[PDB]
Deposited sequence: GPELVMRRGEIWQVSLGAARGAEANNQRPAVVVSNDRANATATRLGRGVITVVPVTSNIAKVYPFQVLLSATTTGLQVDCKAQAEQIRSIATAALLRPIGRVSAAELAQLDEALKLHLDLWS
């Protein structure tokens, strides 16, 4: 019954598309305990023709995705935990640090 979702994990979500959890893990742990709540995710796409600085290339060899993909920080959304369908994998700590920078760039956070 405990639905555990972690920052940096890649989940299939209903917006069905993969996405990276980017809400902090204290907020995630609260949604786990309550069995409800908002998670914030960054959608992922397999079209990597142009990777902008507000997007992060995610290698297939680590993510559980079968192709190289890019996280689109400009498409960030908050969803209900009821929209979390299944976990797919995880981005590496280096990719997540890159996603931190892409999020700060997109949101004008310096």
Against the full deposited sequence, which stretches does the structure leave out?
1, 17-26, 122
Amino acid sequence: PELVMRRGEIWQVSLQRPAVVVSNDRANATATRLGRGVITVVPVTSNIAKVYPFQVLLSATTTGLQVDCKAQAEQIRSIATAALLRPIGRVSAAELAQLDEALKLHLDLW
From here on, numbers count along this sequence of modelled residues.
Mind pulling up the entry and telling me whether 64-72 or 35-43 has the higher mean Cα temperature factor?
64-72
Would 19-27 or 85-93 have the larger average of its C-alpha temperature factors, as given in the entry?
85-93
What third of its chain's C-alpha B-factors does residue 4 belong to: lowest, middle or highest?
highest
